[PDB]
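This document starts with one chain, in the form deposited in one PDB entry, laid out as C-alpha cells.
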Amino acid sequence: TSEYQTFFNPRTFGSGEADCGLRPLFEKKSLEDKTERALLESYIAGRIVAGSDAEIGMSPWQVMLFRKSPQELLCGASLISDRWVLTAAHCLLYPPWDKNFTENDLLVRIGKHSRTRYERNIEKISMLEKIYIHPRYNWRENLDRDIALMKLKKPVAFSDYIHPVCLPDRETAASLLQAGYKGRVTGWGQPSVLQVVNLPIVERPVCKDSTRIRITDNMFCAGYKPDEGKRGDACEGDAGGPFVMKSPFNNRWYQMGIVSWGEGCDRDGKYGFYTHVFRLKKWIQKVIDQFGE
C-alpha cells in the first residue's frame, strides 16, 4: 500500500511503471539494504567509509552497456521499463574520441551482481532495437543534455534481479532534489562486485564555484568538498548509470540523475555531475511516444 501515479502510456513505454522502484529482495520482502538508512543520515552498524559492495538485488535496475566485439564494458545504464533503458549520450556519441556507436555495435547485460562469475538464470543479455540521443546534447563544452534512450530488441523478463526504477514527478523532484539530501550511485569503477556510494546533493552555487565548466540547469551535482577525506567517492559511479533516491513519501526508488562526469577525482573530496532527469522528462516522453510502439 504505497501509492504511485503512473505517467507513461504502457503502449509505448512497455510495462513496469506501476510497480517501479520497489525491489523484490528488499521493499517487497520488508527488508533494507545495509546502507539505505545512511541516506537518512542515520548510522546503525558504524560509519562504513568510502564505498562498499552492493548486496544481491540491491539495484535491480542496473544495466551494463557493452561493445559487442570485442566485448568491453562501455558504461552504466538503468532500466526504466521492460523495453526502455536510460544512459548518458557521451557513452555512445563522442566525436573528440571518434566515438559513434549505433544499435548494432552494442549489447546490454541486465541483472549482474558479480563480474568474475557468470550468473545462471539470473543475468540476461539483450540486443538493442534503436538508440536515441538528445539532439541538443553538447559535447563541445560541458556535456549539456548528456542523456540517451535505448530500446530493447525484445522486452526483458523481470525477476528478483531485474526490475525498473521510477522517474520523478515535479513534486518528488522539487522536494528530494535539494542540497543536503542524499542519493546513491553505483559502479564497477580491481573490485569484483558492484560498488555503492551514497552522496549528498550539493547546492547549485557551490556546484558552479567548483569548476570553470559552465554548469546549466540540466545538471545537478553531489558529493563532498575537496577538504573532506575518506568519505565516499563520486567517481566510483560508472558514466551513464543511475543516481537514485528513495522517496519517503512512498518507499520507492527514483532515478534523479544519470552520471555524466566527475570533478576532482584526484582530490580528497570529489564532486559528481549528473544529468537532471526531471528537467528532461519532456524529451524522454517525446521519444518514447514517437518511437515506442
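Quick note: we count residues from 1 along the sequence shown, nothing fancier.
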query: Deposited residues lacking coordinates between residue 189 and residue 190 (none, 1 to 3, 4 to 9, 10 or more); finding: 10 or more
query: Entry-level comparison of average CA B-factors, 78-86 and 103-111, reporting the higher stretch; finding: 103-111
query: Between the two ranges 118-126 and 205-213, the one averaging a larger CA B factor in the entry; finding: 118-126
query: Highest-ranked of 63, 244, 49, 39 once sorted by CA temperature factor in the record; finding: 49
query: Highest recorded Cα temperature factor - choice among 184, 140, 145, 163; finding: 140
query: Chain-relative CA temperature factor third for residue 178; finding: middle
query: Third of chain Cα B-factors occupied by residue 134; finding: lowest
query: Residue 54, C-alpha B-factor rank within chain (lowest, middle or highest third); finding: highest
query: Ranked against its chain, the third holding the CA B-factor of residue 68; finding: highest
query: Ranked against its chain, the third holding the CA B-factor of residue 29; finding: middle
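If you look for the form deposited with a partner chain bound, you will not find it shown, but the lines that follow are about it.
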property: is_contact(residue 80, the partner chain) in the deposited complex, heavy atom dist at most 4.5 Å; result: yes
property: 4.5 Å heavy atom contact, residue 60 and the partner chain in the deposited complex; result: yes
property: Residue 183 within 4.5 Å of the partner chain in the deposited complex, heavy atoms; result: yes
property: The partner chain contact in the deposited complex: residue 167, any heavy atom under 4.5 Å; result: yes
